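Engineer:
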Amino acid sequence: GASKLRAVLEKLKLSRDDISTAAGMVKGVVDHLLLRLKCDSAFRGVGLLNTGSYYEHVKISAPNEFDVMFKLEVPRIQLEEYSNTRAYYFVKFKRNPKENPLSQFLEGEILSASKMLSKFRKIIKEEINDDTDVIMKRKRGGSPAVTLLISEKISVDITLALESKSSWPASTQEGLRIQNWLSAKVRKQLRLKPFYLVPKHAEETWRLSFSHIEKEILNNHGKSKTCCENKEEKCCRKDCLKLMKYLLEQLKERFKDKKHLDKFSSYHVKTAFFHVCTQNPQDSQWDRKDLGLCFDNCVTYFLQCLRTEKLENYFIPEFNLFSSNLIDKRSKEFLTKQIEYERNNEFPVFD
Ligand SMILES: Cn1nc(-c2cccc(CNC(=O)c3cc(Br)ccc3O)c2)cc1C(=O)O
Ligand SMILES: [Zn+2]
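So, in structure tokens, the structure goes:
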């Protein structure tokens, strides 16, 4: 009973892969900012998080909204957990040449995020005009730090991130519970990769970012090493993630006039999806023939998290994404009812 879901997926895939000049405009704008930022005193080591991440799309229904991350390496960094929040940190410096590039943003021993953004934004804001109609926005703030608009259609969220090649902070030690699915060998390898810090609040605090580990898992997602390398070992994991993402997006669109869904994002959906991967580690539990059932397991688990108001961060297990101080009871109950409506009516949002 997959026929409608496949067609949704087919429609979505054709609009992703269709010939477009968007990635080209985005890349020339970004190479522009990278040259300009590289000449400034604080941003001399700035670089793209991934060569080829010009075409990173958070919104899976909008192929002209691009998501771009700029990375800056902070060697010998001192993290201090903020207010037992497990996920938010002050950045301090071990300062060996106490005039490290970032020192001009120090207030006390503490790295200021808002000051760093002000100059990042100001450098970008002036570099914007000296080709194309690149407009920016001081909207929202935080992360995304800067949203550019190329012409009318194309939109580029730029996020600035600190990179640390030391071992991941102690709040991750019992997370990424992939041992029964991707193996303990692979968990070790992943935790040997650097971690990233972006600004956000719940003061001058930073938050862990793991989009690179997510990408890595999704590009090597099977218990079997040959998963999805032919169509005989073809699994529906990635397609379920797509259908989860698209369902929230269409509900966020349908109900934008109200407000109850403003706090949910694809991060809540990704997180719940990887928990289901842990719960179902076998590739035979993700057979393409069973797309319909497999999607339904994801939708069932997410609804269970909403109803119990528990969805543990996949990397930091003491952090509850659905805690009532983060999203109130009336918002989860609202999203609970819309998803149950969709499931019981063979998903009208997919039309
Ligand atoms: C509302 N909100 N809160 C966060 C957030 C808060 C604390 C800690 C992390 C840690 N990060 C992850 O758990 C993570 C997981 C996956 Br899977 C992929 C990338 C990731 O960074 C994220 C992100 C968003 C949002 O984006 O709206
Ligand atoms: Zn697969």
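When the letters of the sequence shown are read in order and numbered with the entry's author numbering, they come out as residues 161 to 290, 293 to 364, 372 to 520. For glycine and all other residues, C-beta sits at the position ideal for the given N, C-alpha and C.
1. Within the segment 438-515, note down every full alpha helix (DSSP H) run reaching 4 residues or more, in order along the chain.
2. Quick check: what's the CA-CA separation for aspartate 452 versus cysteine 463?
3. Would you kindly report the start and end of the unbroken beta strand (DSSP E) that includes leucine 359?
4. Which residues in the same chain have their Cβ closer than 7 Å to the Cβ of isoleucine 288, if we skip the five residues on either side of it in sequence?
5. Would you identify the three-state DSSP class for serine 434, choosing helix, strand or coil?
6. Mind checking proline 306: buried by the 16 CB within 10 Å criterion, or exposed?
7. Can you check DSSP and say which residues form a bridge with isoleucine 220?
8. Beta-carbon within less than 8 Å of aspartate 200's beta-carbon, same chain only, minus the 5 sequence neighbours each way: which residues are those?
9. Between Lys219, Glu336 and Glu373, which lies nearest to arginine 176 when the distance is taken from Cα to Cα?
10. Look at the alpha carbon of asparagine 389 and the alpha carbon of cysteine 396, and state the distance between them as a whole number of angstroms.
11. Going by alpha carbons, who is nearest to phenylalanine 442 out of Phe230, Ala183 and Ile340?
12. Are at least three pairs of beta-carbons, each pair with one atom in the segment 307-319 and one in the segment 335-354, less than 8 Å apart?
13. Could you check the C-alpha separation between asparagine 513 and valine 468 for me, to the nearest Å?
14. List the whole-angstrom C-beta distance separating residue 292 from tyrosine 215, where the pair is believed to meet the contact cut-off of C-beta under 8 Å.
Structural biologist: Let's see:
1. 460-477 and 498-512
2. 11 Å
3. 357-361
4. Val296 and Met298
5. coil
6. buried
7. None; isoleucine 220 has no bridge partner.
8. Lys279 and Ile283
9. The candidate whose alpha carbon is nearest that of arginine 176 is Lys219.
10. Cα-Cα distance, rounded: 8 Å.
11. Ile340
12. no
13. 12 Å
14. Between 290 and 293 the numbering of the chain has a gap, and residue 292 falls inside it, with no coordinates.
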